[PDB]
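Basis for what follows: all heavy atoms, side chains included, without hydrogens, waters or symmetry-related copies. Ligands are counted one by one from 1 in listed order, and the atoms in each one are counted from 1 as well. Here is the naming used below: chain letters follow the sequence lines, and residue numbers restart at 1 for every chain.
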Number of protein chains: 6
Amino acid sequence: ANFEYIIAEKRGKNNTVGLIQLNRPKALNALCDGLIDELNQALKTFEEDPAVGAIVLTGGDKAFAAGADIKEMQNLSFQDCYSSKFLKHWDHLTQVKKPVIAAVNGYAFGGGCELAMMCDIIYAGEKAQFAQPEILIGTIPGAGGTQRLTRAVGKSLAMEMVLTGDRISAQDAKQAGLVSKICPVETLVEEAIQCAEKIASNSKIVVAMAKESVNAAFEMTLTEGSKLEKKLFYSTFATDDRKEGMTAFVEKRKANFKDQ
Amino acid sequence: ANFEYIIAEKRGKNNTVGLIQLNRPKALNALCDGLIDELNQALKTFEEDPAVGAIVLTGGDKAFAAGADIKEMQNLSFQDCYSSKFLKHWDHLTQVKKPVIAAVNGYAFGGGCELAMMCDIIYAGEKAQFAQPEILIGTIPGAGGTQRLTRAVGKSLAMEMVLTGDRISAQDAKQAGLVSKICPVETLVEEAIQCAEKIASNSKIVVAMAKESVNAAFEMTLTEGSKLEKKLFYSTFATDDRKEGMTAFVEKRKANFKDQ
Amino acid sequence: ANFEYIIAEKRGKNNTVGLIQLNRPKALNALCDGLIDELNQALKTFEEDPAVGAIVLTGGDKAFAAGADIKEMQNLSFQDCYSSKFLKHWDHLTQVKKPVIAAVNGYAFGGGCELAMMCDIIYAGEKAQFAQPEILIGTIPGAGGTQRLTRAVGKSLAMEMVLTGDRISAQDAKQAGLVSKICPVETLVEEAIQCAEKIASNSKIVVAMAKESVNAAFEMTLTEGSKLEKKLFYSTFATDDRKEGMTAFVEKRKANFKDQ
Amino acid sequence: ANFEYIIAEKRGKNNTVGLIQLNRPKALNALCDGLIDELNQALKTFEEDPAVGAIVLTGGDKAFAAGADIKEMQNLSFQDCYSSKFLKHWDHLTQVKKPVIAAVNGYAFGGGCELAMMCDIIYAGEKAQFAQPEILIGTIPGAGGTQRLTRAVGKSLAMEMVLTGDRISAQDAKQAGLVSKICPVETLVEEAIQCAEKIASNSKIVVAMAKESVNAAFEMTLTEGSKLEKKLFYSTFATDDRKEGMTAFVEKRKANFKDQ
Amino acid sequence: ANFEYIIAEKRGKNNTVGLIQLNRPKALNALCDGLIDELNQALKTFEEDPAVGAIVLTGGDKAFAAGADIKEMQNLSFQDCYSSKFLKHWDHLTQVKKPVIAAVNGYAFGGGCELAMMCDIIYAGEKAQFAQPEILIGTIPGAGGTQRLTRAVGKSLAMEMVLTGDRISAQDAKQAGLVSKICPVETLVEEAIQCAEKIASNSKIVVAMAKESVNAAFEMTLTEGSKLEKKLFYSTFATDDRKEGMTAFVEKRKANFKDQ
Amino acid sequence: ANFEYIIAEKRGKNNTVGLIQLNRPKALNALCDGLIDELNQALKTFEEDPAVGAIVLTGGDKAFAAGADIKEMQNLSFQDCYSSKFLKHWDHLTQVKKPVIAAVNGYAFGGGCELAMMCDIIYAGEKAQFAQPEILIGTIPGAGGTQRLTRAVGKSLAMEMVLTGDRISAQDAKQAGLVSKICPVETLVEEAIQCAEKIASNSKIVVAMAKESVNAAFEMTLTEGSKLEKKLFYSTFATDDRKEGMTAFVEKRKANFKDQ
Ligand SMILES: CCCCCCCC(=O)SCCNC(=O)CCNC(=O)[C@H](O)C(C)(C)COP(=O)(O)OP(=O)(O)OC[C@H]1O[C@@H](n2cnc3c(N)ncnc32)[C@H](O)[C@@H]1OP(=O)(O)O
Ligand SMILES: CCCCCCCC(=O)SCCNC(=O)CCNC(=O)[C@H](O)C(C)(C)COP(=O)(O)OP(=O)(O)OC[C@H]1O[C@@H](n2cnc3c(N)ncnc32)[C@H](O)[C@@H]1OP(=O)(O)O
Ligand SMILES: CCCCCCCC(=O)SCCNC(=O)CCNC(=O)[C@H](O)C(C)(C)COP(=O)(O)OP(=O)(O)OC[C@H]1O[C@@H](n2cnc3c(N)ncnc32)[C@H](O)[C@@H]1OP(=O)(O)O
Ligand SMILES: CCCCCCCC(=O)SCCNC(=O)CCNC(=O)[C@H](O)C(C)(C)COP(=O)(O)OP(=O)(O)OC[C@H]1O[C@@H](n2cnc3c(N)ncnc32)[C@H](O)[C@@H]1OP(=O)(O)O
Ligand SMILES: CCCCCCCC(=O)SCCNC(=O)CCNC(=O)[C@H](O)C(C)(C)COP(=O)(O)OP(=O)(O)OC[C@H]1O[C@@H](n2cnc3c(N)ncnc32)[C@H](O)[C@@H]1OP(=O)(O)O
Ligand SMILES: CCCCCCCC(=O)SCCNC(=O)CCNC(=O)[C@H](O)C(C)(C)COP(=O)(O)OP(=O)(O)OC[C@H]1O[C@@H](n2cnc3c(N)ncnc32)[C@H](O)[C@@H]1OP(=O)(O)O
Ligand SMILES: [Mg+2]
Ligand SMILES: [Mg+2]
């Protein structure tokens with residue numbers, strides 16, 4: 001559809017991966033309400049499509065997302081934070097059932113780093129940079145900059161970034177555990193699509209159950225997380241893909257999953 | 001007693017280290033019911049042995065453990081998994097009170113990675129590989145593979161492995177946090193025994209309390225985890241080894257612990 | 001004030017950073033009760049000063065802190081713990097609202113490692129070393145040596161250090177996530193003061209909210225932690241520094257925070 | 001609007017209370033998808049309405065709600081539950097930030113008891129009956145019938161109701177703590193509206209913060225829940241109603257809250 | 001089988017309920033090692049029986065259980081308690097998948113109250129009494145006496161019983177939430193068996209899922225409890241009894257469950 | 001002493017119970033900073049006094065405590081609450097390791113209800129009343145009024161009291177779980193002292209462990225709470241009172257505890 005701030009298209013072979021690109025190179029991909037709206041619409045369309053198995057959220061080659069639009073929240077009041085339209089539709093990424101890969105190129109600061117952290121996998125470019133400069137403008141992160149970041153890179157580095165606003169390179173993010181792979185700036189998006197393709201080639205119902213169990217590691221205690229994982233594991237046997245997948249292995253052949 | 005799938009013996013000076021070697025070079029150490037039953041028996045006898053202070057779990061030079069036998073759970077239905085005696089004796093390692101070290105040589109896939117992740121310390125070989133290919137056969141990890149992994153390597157890398165099934169090298173595991181030390185393939189087992197020897201050289205009662213204190217980090221909040229650690233710290237003053245160890249510091253000599 | 005174990009002074013330009021140096025180059029900065037008292041007093045004075053924005057905790061070039069004085073706790077009984085004046089004023093550093101940076105040079109063992117882990121940021125020297133040798137004296141870490149360590153470096157490395165007492169290098173500490181920056185031995189203290197200055201230049205009220213939100217990651221679930229972050233983010237709009245910081249950005253100028 | 005299964009209207013003086021009634025006497029107010037969709041619409045309309053301060057959910061004199069429509073979920077398969085439009089929009093009532101009072105008359109079984117427990121306050125009639133008969137049809141509660149009930153009436157009584165499917169009288173629910181007030185069958189709705197009017201007479205912002213603080217008790221530990229309550233207590237000081245409410249108290253007059 | 005301290009028999013029509021009666025009227029059913037072992041054996045036998053659907057745990061008319069045998073743990077030591085197993089095998093009731101009903105007649109003190117609290121449902125006689133007199137002998141509860149009690153009766157009453165050792169009447173336990181139904185002394189066992197029969201008539205697989213859902217209300221947060229309950233609810237559709245139960249309702253007939 | 005708002009004295013035989021009375025009949029025992037400062041001092045001296053075993057907190061015959069002084073927080077700013085001295089030192093009552101009983105007579109509103117809930121046991125008079133009218137002045141509870149209340153009386157009643165500011169009778173508090181015993185207005189304090197004396201007749205070190213175990217119910221999961229109870233149960237064997245208490249029981253005599 002006609003989008004002013006993003007470009008939604010299905011990339012890769014078999015049209016199984018959905019690429020959501022943020023088109024705003026004049027503001028370094030500023031996350032305004034209009035952009036967030038289009039982003040949520042695209043995510044819903046790809047999540048409600050049987051062909052799409054995974055989504056790849058990317059930006060530009062110079063900056064993935066420079067965070068929220070300060071020009072909009074400048075004059076916001078405290079009362080305008082609780083009972084208003086402003087800043088309420090940011091956590092839609094956390095309610096998606098299909099895997100979402102984050103291709104980060106250039107600056108990913110504030111809302112951008114929060115947007116990437118909300119995604120399952122994060123692929124960063126050789127020149128990518130992450131930071132939480134909220135402290136430099138008199139505010140703190142508001143979408144996971146102090147919760148997901150701390151759990152990923154630890155307290156020592158999280159405290160520094162959040163309290164100093166300094167940037168970390170893609171290498172430090174890889175070494176700290178924030179990102180899983182570093183790819184060239186020219187092939188970052190292609191590598192993310194290739195990864196999404198491999199993920200979409202598996203049983204979607206099982207992929208969702210897996211994502212749910214992995215995400216449950218930050219909301220439960222290990223003892224209960226294990227029991228919840230085993231219950232989801234038991235439930236996999238109710239699907240036909242489980243029988244097909246295991247039967248293919250014993251017969252030494254490729255499995256043909258039907259998403260059921 | 002006789003064993004068909006494992007080799008159990010005591011190693012190290014004074015025979016203070018119990019070695020459990022998975023012996024099935026034809027199935028890449030497939031974790032079948034027979035192997036798990038013998039593994040639990042080997043863990044039990046070493047647990048009830050007052051001479052053994054630590055246990056070392058190892059496999060083969062090419063494969064540590066390939067996971068559960070897919071040929072056995074192929075025909076299993078949902079009703080069987082929930083209330084039938086097939087997949088119910090995998091979590092005995094979590095109940096072992098003595099420290100356990102996992103000498104991972106070669107493939108540690110699926111149940112193997114979980115088996116190693118359930119131990120306290122994991123020593124990996126130069127050519128060791130870890131993966132969670134459950135998604136490739138139409139299922140998800142069922143022994144905490146999505147809980148302990150996520151807590152160690154992070155959501156980004158854990159999500160990829162669980163959703164893509166791709167392998168990670170020993171170097172990637174050491175940098176993430178899954179394994180602590182990388183050893184040559186020919187010296188892995190001996191170095192793990194040498195580490196177990198150092199552990200067994202301390203008071204077992206205090207070694208058990210310390211092991212329980214570390215495990216509490218994944219089951220309680222940081223506030224309550226510190227209070228529990230405080231009470232366990234106070235409990236050490238009720239043992240003779242505490243007085244002996246501290247007295248062995250003021251007096252410049254070697255401590256002679258008595259496990260009491 | 002006159003101190004016998006520490007040297008409290010305000011370093012850096014404009015006197016915005018408070019430095020607490022443990023001066024005991026004969027027992028490797030053994031954390032005696034008298035030292036802990038002076039340390040708590042210095043922390044209180046800096047925390048109750050409108051000029052100090054951040055604190056830097058450091059020791060000697062050869063040793064940061066060798067842990068609690070075993071000479072004192074040698075003869076303590078089980079009743080003397082749960083019920084006396086012994087080992088009770090250690091966790092005061094956890095209640096300090098202002099950021100604290102740990103400049104670790106040389107040995108940081110036992111209580112010294114826990115003392116460093118209680119801080120928000122840890123800068124380690126090239127020759128610095130961390131360890132938890134409590135197991136060698138018949139005791140276990142009782143001030144967060146297992147809780148804050150396991151959550152940072154992982155179970156495998158934490159279990160090893162706690163059950164073996166081996167020393168990890170500054171490089172390994174950074175790769176695991178315990179420390180954020182590896183600074184030269186001759187410039188460690190200066191770099192830490194510079195970092196503290198960069199933190200003390202931001203809105204103190206916002207810096208406090210940021211620290212508390214990051215600490216919440218270890219006390220709450222990811223869902224509730226995100227909602228607590230939301231309310232804290234909303235509360236920033238009630239301060240004057242929030243508007244000044246954002247207006248300066250829109251106007252492309254420097255922000256002059258008033259700490260309110 | 002044109003509702004086929006509900007009757008939404010603003011009752012009470014000043015139209016500050018929104019009444020949502022379920023009109024399906026021929027099915028004991030069975031919760032079908034159409035009924036739930038209309039229920040969610042009425043909730044959103046009253047939530048966005050600036051005049052409505054509280055909502056009152058009620059049914060018939062003989063049945064509040066007899067649970068979900070079994071005729072619809074009869075042929076549903078396991079795959080249908082994890083997809084395909086089925087059973088997703090039931091928890092919308094928990095996201096309503098405004099207080100909701102449940103006026104229960106007659107049968108409140110299964111989904112009806114869950115819907116009542118989802119509300120903040122529950123007023124039951126002299127003849128009201130609560131039960132969880134899911135077990136009698138080969139299923140279990142799926143919208144909190146095993147979590148909120150257990151937390152209110154205890155494990156002993158919750159187990160009996162869930163495992164046996166027996167009913168409890170309004171007198172039993174009040175003594176157990178499930179309902180707060182027992183009103184006559186002829187004046188249950190009026191008393192519920194009166195309670196809603198009293199709640200809609202104070203600052204809506206403070207009412208929202210209060211409701212969130214109460215729900216916080218079931219999502220965190222007592223230590224963290226107290227700190228959030230304290231932070232919310234600090235936050236309300238930024239509102240004008242806080243100053244007006246207290247000023248009126250000091251001056252012995254009626255406070256005129258402006259909801260800001 | 002041959003039991004010296006208990007009487008295990010299968011009571012009720014169709015032999016679907018297993019009754020475990022503690023036969024020791026000379027020590028008020030003091031829970032000794034031998035008694036606990038026999039109790040565990042009887043539980044295991046009933047749990048591994050395809051006919052028994054529920055278990056009824058009862059004692060004498062004057063005493064259900066007077067707690068652990070002080071004559072055995074008198075000369076015990078801290079070392080013999082932490083490492084050497086002398087007190088374990090008590091939590092065998094927490095691992096039972098089938099519902100267990102506690103018919104409490106007379107004294108239920110210390111271990112007896114803990115034994116009853118570990119069961120799912122508790123039926124108390126008109127003259128039954130509950131207490132935690134551990135404080136009177138210089139000890140505290142050790143089998144969840146403080147955890148399960150505080151979560152049912154409240155902090156005020158729990159604190160009083162634990163710090164004073166006073167007894168509460170069956171009526172008080174009923175109003176507080178520790179007992180669900182008060183039965184006459186001469187009909188307590190029969191009514192308890194009747195309730196067990198009502199539980200032993202539904203799908204065992206679904207009854208187990210329901211019990212596990214209720215037990216989970218004390219191990220995690222509400223938001224996570226709702227998710228697990230919803231997932232377990234979805235899983236019930238993979239069983240045959242679910243379809244049979246719902247089809248019988250639509251057809252207005254009795255359901256014939258087959259435990260699958 | 002020279003107190004101006006309270007009357008602290010040691011009542012009961014042998015002077016083993018410390019009575020703290022709030023003397024302010026002209027303000028319904030308003031909790032101002034001066035009262036709280038003296039209350040903390042009275043709690044400190046009684047906690048350090050080796051003869052006092054329990055404390056009893058009481059008010060007047062007409063009012064226990066009418067909440068914080070509104071006239072002192074009227075002109076407070078959002079920055080003052082977060083940075084200034086105002087509204088601090090209220091949680092000291094929760095840090096008292098010795099048991100504390102709350103004798104509530106008359107009004108217990110706002111801060112008074114929270115102050116009473118902070119104690120371990122609450123004895124209420126026949127005419128006592130509890131309420132949380134904070135909502136009527138444009139504020140919410142700020143000392144656990146929602147956390148501890150909801151966890152005791154339930155969500156249904158807690159929501160009503162917090163959102164309507166309605167008063168509940170002493171009978172309602174007893175049936176809900178807020179108070180444990182109701183006593184005549186003329187003998188409330190005497191019965192409270194008698195209860196405190198009973199608690200003071202047992203081993204203080206064990207009484208402390210017991211209180212710590214009960215408070216643990218509101219900070220951890222049921223699984224972890226049970227394990228901590230066991231460790232505290234094991235730690236009790238290191239005390240001499242444990243041996244004395246059990247030795248007296250088997251010998252049918254009265255135990256002479258030595259507080260160690
Ligand atoms: C609860 C739901 C909402 C909560 C979400 C959390 C709140 C937030 O995210 S706060 C926003 C965080 N702040 C930031 O991330 C950093 C702000 N941006 C910057 O500092 C810099 O622009 C930076 C470092 C990224 C790159 O700087 P630089 O290369 O020098 O180029 P710069 O001139 O500044 O940017 C070019 C254009 O991008 C604009 N821009 C950059 N970032 C933003 C932004 N966050 N908002 C609005 N405009 C922006 C610039 O203003 C400029 O536009 P123009 O000249 O037309 O006015
Ligand atoms: C908690 C209750 C249970 C929960 C546990 C969680 C569930 C699981 O663990 S699922 C099992 C894990 N999944 C996998 O391992 C995917 C399997 N991929 C492989 O197995 C590959 O063998 C791999 C990559 C390890 C090595 O590949 P490769 O070197 O080419 O050897 P391969 O060709 O497969 O043959 C070696 C022998 O090992 C057998 N084998 C390997 N893995 C398994 C296995 N998991 N089960 C049974 N047999 C196996 C092979 O079938 C083969 O035997 P054979 O010639 O008689 O047919
Ligand atoms: C509230 C809960 C708080 C408690 C939480 C956990 C409890 C603890 O912290 S236990 C203490 C930590 N344990 C340890 O450090 C094990 C000790 N190993 C060492 O201390 C070594 O000295 C080490 C490795 C740091 C450096 O050793 P090295 O360079 O060879 O020199 P060394 O001779 O040992 O030290 C020089 C002086 O420091 C003293 N010293 C070193 N550490 C300590 C100490 N922890 N306590 C007392 N004195 C110490 C030495 O005794 C020696 O003094 P002296 O010559 O007068 O006898
Ligand atoms: C997020 C996941 C989704 C959310 C999970 C929640 C889903 C659930 O698990 S809840 C489903 C469980 N609910 C129940 O079991 C209660 C079922 N109802 C009954 O058992 C009885 O009707 C009962 C006990 C209320 C007594 O009613 P009674 O006085 O005997 O008269 P009865 O004839 O049964 O009812 C009159 C009409 O109501 C219908 N009715 C009653 N309940 C239902 C129902 N739950 N569904 C459909 N129709 C119903 C009856 O079928 C009958 O209609 P008709 O004659 O036209 O077929
Ligand atoms: C990891 C943790 C696992 C273990 C944790 C469990 C911790 C515990 O349970 S500690 C035990 C706590 N229980 C108690 O304190 C209650 C002890 N019993 C009593 O106080 C009283 O006997 C009471 C009130 C029940 C009834 O008293 P009363 O009616 O006057 O009759 P009484 O004479 O005392 O009892 C008759 C017989 O029962 C014996 N008996 C009663 N209780 C016990 C007991 N707990 N242990 C051993 N013998 C007991 C009596 O000693 C007496 O035997 P005998 O005449 O041969 O000496
Ligand atoms: C975060 C750290 C701090 C957080 C703690 C939480 C914050 C709070 O507690 S907010 C305060 C909440 N408490 C209240 O709102 C109740 C205020 N009290 C009342 O309203 C009365 O008790 C009431 C009407 C219920 C019964 O009182 P009543 O017998 O009718 O006569 P009343 O005039 O009100 O009382 C007599 C004297 O008591 C004074 N008084 C009563 N309550 C207070 C109070 N909370 N503060 C100051 N003075 C009070 C009255 O002002 C009056 O004094 P005066 O004649 O000199 O003006
Ligand atoms: Mg890491
Ligand atoms: Mg109750």
At under 4.0 Å between heavy atoms, which part of [X] makes contact with ligand 2: side chain, backbone, both or neither?
X: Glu134(B); result: side chain
X: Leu136(B); result: neither
X: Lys62(B); result: neither

**Message:** Would the distance check show the side chain of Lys155(C) and the main-chain N or O of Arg151(B) forming a donor-acceptor pair, the cut-off being under 3.5 Å?
**Reply:** no
**Request:** Indicate yes or no for a side-chain donor-acceptor contact from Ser235(A) to the backbone of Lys231(A) under 3.5 Å, with no hydrogens or angles considered.
**Result:** no
**Asked** Taking only residues two or more places apart in sequence or in another chain, which ones pass salt bridge (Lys or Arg N to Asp or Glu O under 4.0 Å) with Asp69(D)?
**Response** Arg24(D)
For [X], atoms of ligand 4 separated by under 4.0 Å from a heavy atom:
X: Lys71(D); value: 57 (O)
X: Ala68(D); value: 7 (C), 10 (S), 11 (C), 44 (C), 45 (N), 46 (N)
X: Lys230(E); value: 1 (C)

**Heavy-atom protein neighbour under 4.0 angstrom from atom 32 (P) of ligand 4** = no
**Message:** Heavy-atom pairs closer than 4.0 Å: do any link ligand 4 to the side chain of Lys88(D), the backbone, both, or neither?
**Reply:** neither
Sub-4.0 Å heavy-atom contact, [X] with ligand 2:
X: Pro133(B); value: yes
X: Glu114(B); value: yes
X: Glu229(A); value: no

**Item:** N/O separation below 3.5 Å, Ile70(D) to ligand 4
**Value:** yes
**Message:** Taking the basic N atoms (NZ, or NE/NH1/NH2) and the acidic carboxylate oxygens, is any pair closer than 4.0 Å for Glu229(A) and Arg148(B)?
**Reply:** no
**Item:** Presence of salt bridge, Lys198(E) and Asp166(D), under 4.0 angstrom
**Value:** yes
**Prompt:** Are any of the N/O atoms in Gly110(B) less than 3.5 Å from those in ligand 2?
**Reply:** no
**Message:** Going by the rule ring-ring contact (aromatic ring centres under 6.0 Å, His included), which residues pair with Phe237(E) if we only count those two or more places apart in sequence or in a different chain?
**Reply:** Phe233(E)
